[PDB]
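J.: Compact mmCIF, C-alpha atoms, file input-v8.txt:
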# COMPACT_ATOMS: atom_id res chain seq x y z
CA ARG A 1 0.00 0.00 0.00
CA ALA A 2 2.94 2.36 0.57
CA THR A 3 4.36 1.99 -2.95
CA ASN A 4 2.60 2.36 -6.29
CA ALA A 5 2.17 -1.44 -6.53
CA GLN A 6 -1.22 -1.12 -4.80
CA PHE A 7 -2.46 0.77 -7.90
CA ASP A 8 -2.94 -2.48 -9.82
CA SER A 9 -5.48 -5.24 -10.32
CA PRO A 10 -6.18 -6.92 -6.94
CA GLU A 11 -5.77 -10.39 -8.49
CA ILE A 12 -2.01 -10.24 -9.17
CA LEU A 13 -1.41 -8.43 -5.88
CA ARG A 14 -3.05 -11.31 -4.00
CA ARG A 15 -1.18 -14.06 -5.87
CA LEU A 16 2.29 -12.93 -4.78
CA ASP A 17 3.17 -14.45 -1.41
CA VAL A 18 6.18 -14.67 0.86
CA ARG A 19 7.72 -18.12 0.59
CA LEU A 20 9.67 -19.41 3.53
CA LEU A 21 12.56 -21.69 2.64
CA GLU A 22 13.41 -24.62 4.87
CA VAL A 23 15.07 -23.41 8.03
CA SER A 24 18.86 -23.30 8.09
CA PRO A 25 21.12 -23.70 11.11
CA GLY A 26 23.05 -20.71 12.24
CA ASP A 27 22.28 -18.08 9.65
CA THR A 28 20.27 -14.95 8.95
CA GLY A 29 16.99 -14.38 7.14
CA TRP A 30 18.78 -12.53 4.33
CA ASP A 31 20.10 -15.88 3.07
CA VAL A 32 16.66 -17.53 3.29
CA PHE A 33 13.92 -15.24 1.92
CA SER A 34 12.31 -15.39 -1.53
CA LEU A 35 9.04 -14.66 -3.33
CA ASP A 36 7.24 -17.56 -4.96
CA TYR A 37 4.60 -16.03 -7.09
CA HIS A 38 2.11 -18.89 -6.99
CA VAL A 39 -0.03 -19.81 -9.98
CA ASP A 40 -3.14 -21.99 -10.17
CA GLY A 41 -5.13 -22.68 -13.31
CA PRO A 42 -4.93 -22.73 -17.11
CA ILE A 43 -2.03 -20.30 -16.67
CA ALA A 44 -0.05 -23.17 -15.10
CA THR A 45 0.22 -24.79 -18.53
CA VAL A 46 2.45 -21.86 -19.52
CA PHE A 47 3.89 -21.22 -16.03
CA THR A 48 4.74 -24.81 -15.14
CA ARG A 49 6.66 -26.08 -12.12
CA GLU A 50 9.88 -25.93 -14.15
CA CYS A 51 9.36 -22.20 -14.72
CA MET A 52 8.83 -21.21 -11.07
CA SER A 53 11.89 -23.14 -9.88
CA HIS A 54 14.03 -21.29 -12.43
CA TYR A 55 12.45 -17.95 -11.48
CA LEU A 56 13.38 -18.69 -7.86
CA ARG A 57 16.96 -19.27 -9.01
CA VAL A 58 16.87 -15.81 -10.60
CA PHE A 59 15.48 -14.25 -7.40
CA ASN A 60 18.26 -16.11 -5.58
CA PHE A 61 20.81 -14.02 -7.47
CA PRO B 1 -14.77 -45.09 -41.57
CA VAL B 2 -11.28 -43.55 -41.43
CA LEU B 3 -12.71 -40.22 -42.61
CA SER B 4 -15.60 -40.59 -40.14
CA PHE B 5 -13.02 -41.08 -37.39
CA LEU B 6 -11.43 -37.91 -38.77
CA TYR B 7 -14.65 -35.89 -38.94
CA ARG B 8 -15.60 -36.07 -35.23
CA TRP B 9 -12.08 -35.82 -33.75
CA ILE B 10 -11.52 -32.37 -35.30
CA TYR B 11 -14.94 -30.70 -35.39
CA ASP B 12 -16.45 -31.92 -32.11
CA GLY B 13 -13.49 -33.65 -30.45
CA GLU B 14 -14.43 -37.31 -30.13
CA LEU B 15 -12.04 -40.26 -30.12
CA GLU B 16 -14.26 -43.35 -29.96
CA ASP B 17 -12.54 -46.56 -31.07
CA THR B 18 -12.55 -49.65 -28.86
CA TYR B 19 -10.33 -51.32 -31.45
CA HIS B 20 -7.28 -49.16 -32.13
CA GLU B 21 -7.86 -47.85 -35.65
CA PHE B 22 -7.52 -44.07 -35.44
CA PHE B 23 -3.92 -42.91 -35.16
CA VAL B 24 -4.60 -40.60 -32.22
CA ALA B 25 -4.65 -42.70 -29.03
CA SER B 26 -6.03 -41.12 -25.86
CA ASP B 27 -4.27 -42.01 -22.63
CA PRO B 28 -6.82 -41.85 -19.79
CA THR B 29 -6.38 -40.74 -16.14
CA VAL B 30 -4.83 -37.41 -17.18
CA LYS B 31 -7.58 -35.40 -15.39
CA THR B 32 -4.96 -32.82 -14.29
CA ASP B 33 -3.34 -30.09 -16.42
CA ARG B 34 -1.13 -32.57 -18.32
CA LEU B 35 -3.81 -32.61 -21.04
CA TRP B 36 -1.57 -30.53 -23.31
CA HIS B 37 1.64 -32.36 -22.38
CA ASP B 38 0.19 -35.91 -22.26
CA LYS B 39 -3.11 -37.73 -23.01
CA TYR B 40 -2.69 -37.66 -26.81
CA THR B 41 -0.13 -39.70 -28.74
CA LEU B 42 0.16 -39.82 -32.51
CA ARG B 43 0.40 -43.58 -33.02
CA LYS B 44 2.49 -44.00 -36.15
CA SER B 45 1.27 -47.50 -37.04
CA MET B 46 -2.35 -46.45 -37.61
CA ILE B 47 -1.55 -43.39 -39.71
CA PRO B 48 -2.82 -44.45 -43.16
CA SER B 49 -0.57 -44.09 -46.20
CA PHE B 50 -2.72 -41.38 -47.78
CA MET B 51 -1.90 -39.00 -44.93
CA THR B 52 1.58 -37.58 -44.53
CA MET B 53 3.04 -36.80 -41.11
CA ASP B 54 2.26 -33.05 -41.15
CA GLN B 55 -1.45 -33.58 -41.82
CA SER B 56 -1.47 -36.22 -39.06
CA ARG B 57 0.12 -33.65 -36.73
CA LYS B 58 -2.37 -30.84 -37.36
CA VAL B 59 -5.40 -33.09 -36.86
CA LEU B 60 -4.08 -33.91 -33.38
CA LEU B 61 -3.32 -30.22 -32.76
CA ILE B 62 -6.95 -29.27 -33.40
CA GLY B 63 -8.51 -32.28 -31.67
CA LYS B 64 -6.56 -31.75 -28.46
CA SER B 65 -7.36 -28.03 -28.48
CA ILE B 66 -11.15 -28.45 -28.57
CA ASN B 67 -10.83 -31.04 -25.80
CA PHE B 68 -8.54 -28.61 -23.98
CA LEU B 69 -11.24 -25.96 -24.42
CA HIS B 70 -13.81 -28.32 -22.88
CA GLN B 71 -11.79 -29.98 -20.11
CA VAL B 72 -9.49 -27.23 -18.78
CA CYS B 73 -10.84 -23.96 -20.20
CA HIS B 74 -14.37 -25.12 -19.21
CA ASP B 75 -15.87 -23.38 -22.25
CA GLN B 76 -18.37 -25.73 -23.90
CA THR B 77 -19.73 -23.48 -26.67
CA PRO B 78 -18.14 -25.26 -29.66
CA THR B 79 -19.83 -26.86 -32.56
CA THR B 80 -16.49 -25.94 -34.01
CA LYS B 81 -16.40 -26.01 -37.79
CA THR B 82 -5.43 -37.85 -54.79
CA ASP B 83 -5.25 -38.51 -51.06
CA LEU B 84 -8.91 -37.65 -50.52
CA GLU B 85 -9.17 -35.30 -53.54
CA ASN B 86 -6.99 -32.55 -51.89
CA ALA B 87 -9.47 -31.26 -49.31
CA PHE B 88 -7.40 -32.40 -46.29
CA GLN B 89 -5.14 -29.31 -46.41
CA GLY B 90 -8.19 -27.14 -47.18
CA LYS B 91 -10.48 -27.70 -44.20
CA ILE B 92 -7.83 -28.48 -41.58
CA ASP B 93 -5.99 -25.15 -41.81
CA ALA B 94 -9.36 -23.42 -41.35
CA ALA B 95 -10.11 -25.51 -38.24
CA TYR B 96 -6.58 -24.78 -37.02
CA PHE B 97 -7.13 -21.04 -37.49
CA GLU B 98 -10.56 -20.80 -35.87
CA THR B 99 -9.96 -22.93 -32.77
CA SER B 100 -6.42 -21.85 -31.82
CA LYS B 101 -7.21 -18.15 -32.18
CA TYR B 102 -10.35 -18.63 -30.09
CA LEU B 103 -8.17 -20.57 -27.64
CA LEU C 1 16.14 -8.82 -17.91
CA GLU C 2 15.30 -6.30 -20.64
CA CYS C 3 16.31 -7.28 -24.18
CA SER C 4 15.40 -10.84 -23.22
CA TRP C 5 12.05 -9.35 -22.22
CA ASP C 6 12.12 -7.51 -25.56
CA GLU C 7 12.95 -10.82 -27.25
CA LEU C 8 10.09 -12.49 -25.36
CA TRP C 9 7.44 -9.81 -25.95
CA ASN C 10 7.47 -9.64 -29.76
CA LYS C 11 7.80 -13.41 -30.19
CA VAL C 12 4.82 -14.13 -27.93
CA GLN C 13 2.51 -11.38 -29.19
CA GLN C 14 2.72 -12.32 -32.88
CA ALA C 15 1.99 -16.04 -32.46
CA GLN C 16 -1.45 -17.49 -33.24
CA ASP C 17 -0.80 -20.64 -31.28
CA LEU C 18 -0.38 -21.63 -27.64
CA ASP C 19 2.60 -23.88 -28.45
CA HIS C 20 4.76 -20.95 -29.61
CA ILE C 21 3.88 -19.01 -26.45
CA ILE C 22 5.17 -21.86 -24.25
CA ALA C 23 8.28 -22.59 -26.33
CA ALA C 24 9.42 -18.96 -26.68
CA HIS C 25 8.81 -18.33 -22.98
CA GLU C 26 11.33 -21.03 -22.02
CA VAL C 27 13.81 -19.39 -24.42
CA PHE C 28 13.31 -16.16 -22.45
CA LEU C 29 13.79 -18.16 -19.24
CA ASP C 30 16.88 -20.03 -20.49
CA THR C 31 18.66 -16.97 -21.92
CA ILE C 32 18.36 -15.24 -18.53
CA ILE C 33 20.42 -17.99 -16.85
CA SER C 34 23.18 -17.81 -19.49
CA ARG C 35 23.40 -14.01 -19.64
CA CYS C 36 23.50 -14.10 -15.85
CA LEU C 37 25.99 -16.18 -13.87
CA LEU C 38 23.58 -18.92 -12.73
CA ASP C 39 24.53 -21.44 -15.44
CA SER C 40 26.49 -24.62 -14.74
CA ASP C 41 29.29 -23.30 -16.96
CA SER C 42 29.21 -19.75 -15.57
CA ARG C 43 29.09 -20.91 -11.94
CA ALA C 44 32.88 -20.64 -11.57
CA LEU C 45 32.54 -17.03 -12.71
CA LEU C 46 29.86 -16.67 -10.03
CA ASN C 47 32.11 -18.25 -7.40
CA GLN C 48 34.66 -15.48 -7.91
CA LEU C 49 31.76 -13.02 -7.83
CA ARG C 50 30.94 -14.47 -4.39
CA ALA C 51 34.27 -13.12 -3.13
CA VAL C 52 33.59 -9.56 -4.31
CA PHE C 53 30.13 -9.87 -2.74
CA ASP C 54 32.06 -11.01 0.34
CA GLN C 55 34.36 -7.96 0.17
CA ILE C 56 31.43 -5.51 0.28
CA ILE C 57 30.17 -6.71 3.66
CA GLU C 58 33.82 -7.17 4.68
CA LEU C 59 34.39 -3.45 4.12
CA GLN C 60 31.16 -2.87 6.08
CA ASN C 61 32.61 -4.71 9.09
CA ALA D 1 36.07 -66.49 7.32
CA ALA D 2 34.28 -64.73 4.45
CA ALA D 3 30.91 -63.57 5.83
CA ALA D 4 32.76 -61.97 8.77
CA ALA D 5 34.84 -59.94 6.29
CA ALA D 6 32.01 -58.75 4.03
CA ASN D 7 30.22 -57.11 6.98
CA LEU D 8 33.31 -55.03 7.86
CA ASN D 9 33.37 -53.73 4.26
CA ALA D 10 29.63 -53.00 4.34
CA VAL D 11 30.09 -51.12 7.65
CA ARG D 12 33.12 -49.14 6.42
CA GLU D 13 31.11 -48.07 3.35
CA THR D 14 28.19 -46.77 5.44
CA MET D 15 30.56 -45.09 7.89
CA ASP D 16 32.19 -43.23 4.99
CA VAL D 17 28.70 -42.36 3.70
CA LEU D 18 27.49 -40.94 7.01
CA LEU D 19 30.65 -38.80 7.20
CA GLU D 20 29.79 -37.56 3.69
CA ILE D 21 26.29 -36.59 4.86
CA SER D 22 27.86 -35.04 7.96
CA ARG D 23 30.18 -32.69 6.07
CA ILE D 24 27.71 -31.79 3.30
CA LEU D 25 25.70 -30.43 6.20
CA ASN D 26 28.90 -29.11 7.93
CA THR D 27 28.32 -30.92 11.20
CA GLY D 28 31.23 -30.38 13.57
CA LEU D 29 31.70 -34.15 14.02
CA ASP D 30 34.65 -36.18 12.80
CA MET D 31 35.04 -39.87 11.96
CA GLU D 32 35.72 -40.92 15.56
CA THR D 33 32.77 -39.16 17.24
CA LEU D 34 30.25 -40.17 14.56
CA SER D 35 30.94 -43.84 15.24
CA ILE D 36 29.89 -43.25 18.85
CA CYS D 37 26.72 -41.40 17.83
CA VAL D 38 25.73 -44.01 15.18
CA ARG D 39 26.25 -46.81 17.73
CA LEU D 40 24.10 -44.98 20.29
CA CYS D 41 21.16 -44.49 17.96
CA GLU D 42 21.33 -48.11 16.79
CA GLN D 43 19.91 -49.27 20.16
CA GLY D 44 17.11 -46.70 20.13
CA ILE D 45 17.57 -43.31 21.77
CA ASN D 46 15.81 -39.97 21.29
CA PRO D 47 18.16 -38.05 18.96
CA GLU D 48 16.59 -34.78 20.10
CA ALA D 49 18.00 -35.45 23.59
CA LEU D 50 21.36 -36.74 22.30
CA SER D 51 21.68 -33.65 20.09
CA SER D 52 21.11 -31.36 23.08
CA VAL D 53 23.73 -33.35 25.01
CA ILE D 54 26.28 -32.69 22.24
CA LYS D 55 25.03 -29.09 21.77
CA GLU D 56 25.92 -28.26 25.37
CA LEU D 57 29.00 -30.47 25.79
CA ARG D 58 30.40 -28.35 22.95
CA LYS D 59 28.99 -25.28 24.76
CA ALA D 60 30.74 -26.14 28.04
CA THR D 61 34.05 -27.11 26.45
CA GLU D 62 34.54 -23.42 25.53
CA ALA D 63 34.22 -22.04 29.07
CA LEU D 64 37.15 -24.27 30.11
CA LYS D 65 39.52 -23.37 27.25
CA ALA E 1 25.12 -51.56 30.39
CA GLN E 2 26.56 -50.91 26.94
CA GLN E 3 24.55 -47.66 26.96
CA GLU E 4 26.48 -46.33 29.98
CA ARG E 5 29.82 -47.16 28.35
CA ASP E 6 28.59 -45.53 25.13
CA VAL E 7 27.72 -42.29 26.95
CA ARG E 8 31.13 -42.34 28.69
CA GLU E 9 32.84 -42.87 25.33
CA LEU E 10 30.69 -40.04 23.93
CA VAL E 11 31.90 -37.70 26.69
CA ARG E 12 35.50 -38.80 26.02
CA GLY E 13 35.10 -38.35 22.26
CA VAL E 14 33.19 -35.07 21.99
CA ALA E 15 34.48 -33.25 25.07
CA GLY E 16 38.10 -34.41 24.77
CA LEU E 17 38.19 -35.63 28.38
CA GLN E 18 40.02 -38.96 28.23
CA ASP E 19 40.56 -39.19 32.01
CA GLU E 20 37.54 -40.41 33.97
CA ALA E 21 39.25 -39.27 37.20
CA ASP E 22 38.90 -35.69 35.97
CA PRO E 23 36.01 -33.96 37.79
CA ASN E 24 35.18 -32.33 34.43
CA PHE E 25 34.53 -35.80 32.97
CA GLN E 26 32.03 -36.61 35.73
CA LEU E 27 30.40 -33.18 35.41
CA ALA E 28 30.02 -33.67 31.64
CA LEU E 29 28.67 -37.20 32.19
CA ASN E 30 26.20 -36.08 34.88
CA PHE E 31 25.01 -33.34 32.54
CA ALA E 32 24.74 -35.79 29.62
CA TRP E 33 22.53 -38.18 31.58
CA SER E 34 20.46 -35.33 33.07
CA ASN E 35 19.82 -33.94 29.57
CA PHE E 36 19.03 -37.48 28.37
CA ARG E 37 16.40 -37.90 31.10
CA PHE E 38 14.81 -34.43 30.68
CA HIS E 39 12.12 -35.52 28.24
CA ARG E 40 11.01 -32.31 26.55
CA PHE E 41 10.74 -33.16 22.82
CA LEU E 42 8.14 -34.73 20.60
CA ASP E 43 9.07 -38.10 19.12
CA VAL E 44 10.72 -38.11 15.69
CA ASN E 45 8.29 -37.57 12.81
CA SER E 46 9.37 -39.83 9.96
CA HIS E 47 7.42 -37.84 7.35
CA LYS E 48 9.06 -34.52 8.30
CA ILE E 49 12.47 -36.23 8.08
CA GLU E 50 11.60 -37.54 4.59
CA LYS E 51 10.49 -34.04 3.55
CA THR E 52 13.78 -32.60 4.85
CA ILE E 53 15.86 -35.24 3.00
CA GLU E 54 13.94 -34.48 -0.20
CA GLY E 55 14.46 -30.74 0.33
CA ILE E 56 18.22 -31.23 0.73
CA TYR E 57 18.12 -33.09 -2.60
CA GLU E 58 16.17 -30.20 -4.17
CA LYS E 59 18.76 -27.74 -2.85
CA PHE E 60 21.49 -29.81 -4.49
CA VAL E 61 19.72 -30.02 -7.88
CA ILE E 62 18.91 -26.28 -7.72
CA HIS E 63 22.57 -25.39 -7.16
CA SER E 64 23.60 -27.74 -10.06
CA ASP E 65 25.78 -29.91 -7.80
CA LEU E 66 24.81 -33.01 -9.77
CA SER E 67 27.33 -35.44 -8.27
CA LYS E 68 26.33 -34.40 -4.75
CA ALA E 69 22.61 -34.63 -5.59
CA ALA E 70 22.93 -38.11 -7.11
CA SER E 71 25.16 -39.08 -4.17
CA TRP E 72 22.68 -37.75 -1.57
CA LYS E 73 19.76 -39.55 -3.20
CA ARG E 74 21.65 -42.85 -3.61
CA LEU E 75 22.89 -42.82 -0.01
CA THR E 76 19.59 -41.83 1.62
CA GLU E 77 17.67 -44.36 -0.50
CA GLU E 78 20.16 -47.12 0.37
CA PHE E 79 20.22 -46.29 4.08
CA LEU E 80 16.43 -46.19 4.44
CA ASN E 81 16.06 -49.92 3.62
CA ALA E 82 16.90 -52.01 6.74
CA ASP E 83 12.43 -45.38 12.72
CA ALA E 84 16.00 -45.50 13.96
CA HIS E 85 16.99 -44.28 10.46
CA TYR E 86 15.07 -40.99 10.71
CA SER E 87 16.48 -40.64 14.23
CA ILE E 88 20.05 -40.73 12.82
CA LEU E 89 19.08 -38.32 10.03
CA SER E 90 17.41 -35.82 12.39
CA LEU E 91 20.41 -36.11 14.75
CA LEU E 92 22.96 -35.31 12.02
CA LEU E 93 20.69 -32.57 10.61
CA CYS E 94 20.43 -30.53 13.81
CA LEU E 95 23.94 -31.51 15.13
CA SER E 96 25.62 -28.52 13.76
CA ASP E 97 25.14 -27.93 10.05
CA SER E 98 24.86 -25.10 7.59
CA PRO E 99 27.49 -24.74 4.92
CA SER E 100 27.19 -25.50 1.21
CA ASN E 101 30.80 -26.57 0.65
CA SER E 102 32.71 -29.08 -1.49
CA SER E 103 32.40 -32.63 0.01
CA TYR E 104 32.93 -34.82 -3.01
CA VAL E 105 34.94 -37.50 -1.11
CA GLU E 106 33.81 -39.96 -3.76
Step by step, read the file and then write its structure as structure tokens.
T.:
Amino acid sequence: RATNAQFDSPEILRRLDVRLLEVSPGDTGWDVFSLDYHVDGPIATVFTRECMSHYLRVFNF
Amino acid sequence: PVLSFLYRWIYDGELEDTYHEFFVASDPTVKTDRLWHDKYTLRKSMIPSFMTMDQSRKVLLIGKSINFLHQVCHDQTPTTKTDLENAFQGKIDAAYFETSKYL
Amino acid sequence: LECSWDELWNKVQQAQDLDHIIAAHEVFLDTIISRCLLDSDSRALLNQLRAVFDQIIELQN
Amino acid sequence: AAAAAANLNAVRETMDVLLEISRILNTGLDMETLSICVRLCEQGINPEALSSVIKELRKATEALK
Amino acid sequence: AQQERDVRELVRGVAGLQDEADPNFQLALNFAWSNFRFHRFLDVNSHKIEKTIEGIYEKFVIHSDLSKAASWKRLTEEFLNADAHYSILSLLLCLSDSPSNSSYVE
């Protein structure tokens, strides 16, 4: 709501969610924090599971 | 009967053969979104000699897409309109244009 | 992230068919990994880039 | 004889393998300590208690050094 | 009987106290048994351990460490064929952990 991202369609704003990774031993949250954007429907035929894992590798860098 | 197997697979989207005669072979139990990736295999043994491979590809490309429109898109408003005297390449490109653009 | 997006956008928008939208999208996804340093061949270039990313927070300490 | 020598090979393999799993994690164990821990959990012991035992034996070895 | 000797050997091995006539040995041993008997944890959940093993494999295939991924899968699949298993895995997992480093040792 603070940025201009709230001025969008409420669908795509709802679909983005914080993904927690699996919890590491002694570390900080800056090494384990990533967005997931989750997709459910006929759009998943284009955005398959292979796409979101490679997007998460991009967000990793 | 080969052309009658061809006339319902492409216009309405029906693959009914208990004995494996039509070259498209539905794999069942693909109720999930692997309808585009699985569930339709171009069996090469039941392609007749008067169809080349590219015609046998496009007939599967239309017949999956109308079934994709019914099963995943949930949009059931179809009725979607010498080898065999050179009308294969005529009607199939029209059915490819109408369905895939509507898809 | 940008000419790859420019490569993706014109190739997807012209197509009449859902199979060219899926196949050109993976090209956009695959060319990101190679132009970045996330590839299996450009990982050794990334491993040296880890040390400069180490030297930033090292200067911070 | 022979069946008493195959078991030593099959134990040495698994004890190399568990050390592999131990250092891909970066556990502080070595080859000597891991053979004690593996032996202990063969008989059936809560590893959540044994882990806390090691996690404070290594916490109390620092106050003495 | 063997359990008591195993805990003494554990104190000797981890803590580096090879003399049982050291008071520090007996203090470490008394602590070890008191921590053993302070039941405060849930029992090991085999399904959560399997999910963690699978996630370690996914982390290896994500980072393109293919030899380590194939190794990890082969070793965890071999070890999990003949309760106590998941106990060892959970033990090693929490024991220290937390570096993605070389470890071929193949």
J.: Excluding same-chain residues fewer than 6 positions from stretch 10-15 of chain D, what lies within 12 Å of it counting all atoms listed in the file, as an NGL selection string?
T.: (:D and (3-4 or 21-22 or 30-39)) or (:E and (74-76 or 78-80 or 106))
J.: Find the distance between atom CA of residue D:46 and atom CA of residue E:68 and write it in Å to one decimal.
T.: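 Atom CA of residue D:46 sits 28.6 Å away from atom CA of residue E:68.
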J.: For residue A:39, please output as an MDAnalysis selection string all residues within 9 Å (counting all atoms listed in the file; exclusion window: fewer than 3 positions along the same chain).
T.: chainID A and resid 15:16 43:44 47:48
J.: Please identify all residues of chain A having at least one atom at most 12 Å from any atom of chain D, considering all atoms listed in the file, and return them as a list in words.
T.: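 Close enough to count are residues 24, 25 and 26 of chain A.
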J.: Can you measure atom CA of residue C:27 to atom CA of residue C:5 for me? One decimal in Å is fine.
T.: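 One can read the atom CA of residue C:27 to atom CA of residue C:5 distance as 10.4 Å.
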J.: Show me, as a PyMOL selection string, the residues of chain C whose atoms get within 8 Å of chain A, using only C-alpha atoms for the distance check.
T.: chain C and resi 21-22+26+29+33+38
J.: Taking 3 positions as the minimum chain separation for residues in the same chain, which residues sit within 12 Å of residue B:8 when counting all atoms listed in the file? Answer as a JSON list (two decimals) with C-alpha atoms, in the coordinates of the input.
T.:
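Ended up saving to out_16.json:
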[["chain", "number", "residue", "atom", "x", "y", "z"],
["B", 1, "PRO", "CA", -14.77, -45.09, -41.57],
["B", 2, "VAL", "CA", -11.28, -43.55, -41.43],
["B", 3, "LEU", "CA", -12.71, -40.22, -42.61],
["B", 4, "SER", "CA", -15.60, -40.59, -40.14],
["B", 5, "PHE", "CA", -13.02, -41.08, -37.39],
["B", 11, "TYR", "CA", -14.94, -30.70, -35.39],
["B", 12, "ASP", "CA", -16.45, -31.92, -32.11],
["B", 13, "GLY", "CA", -13.49, -33.65, -30.45],
["B", 14, "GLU", "CA", -14.43, -37.31, -30.13],
["B", 15, "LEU", "CA", -12.04, -40.26, -30.12],
["B", 16, "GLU", "CA", -14.26, -43.35, -29.96],
["B", 17, "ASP", "CA", -12.54, -46.56, -31.07],
["B", 22, "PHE", "CA", -7.52, -44.07, -35.44],
["B", 59, "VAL", "CA", -5.40, -33.09, -36.86],
["B", 60, "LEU", "CA", -4.08, -33.91, -33.38],
["B", 62, "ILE", "CA", -6.95, -29.27, -33.40],
["B", 63, "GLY", "CA", -8.51, -32.28, -31.67],
["B", 66, "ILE", "CA", -11.15, -28.45, -28.57],
["B", 67, "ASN", "CA", -10.83, -31.04, -25.80],
["B", 79, "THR", "CA", -19.83, -26.86, -32.56],
["B", 80, "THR", "CA", -16.49, -25.94, -34.01],
["B", 81, "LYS", "CA", -16.40, -26.01, -37.79]]
J.: Could you put an axis-aligned box around every listed atom of stretch 39-51 of chain D, padded by 8 Å on each side, and send me its centre and edge lengths in Å to one decimal, as JSON?
T.:
{"center_x": 21.0, "center_y": -41.5, "center_z": 20.2, "size_x": 26.4, "size_y": 31.6, "size_z": 22.8}
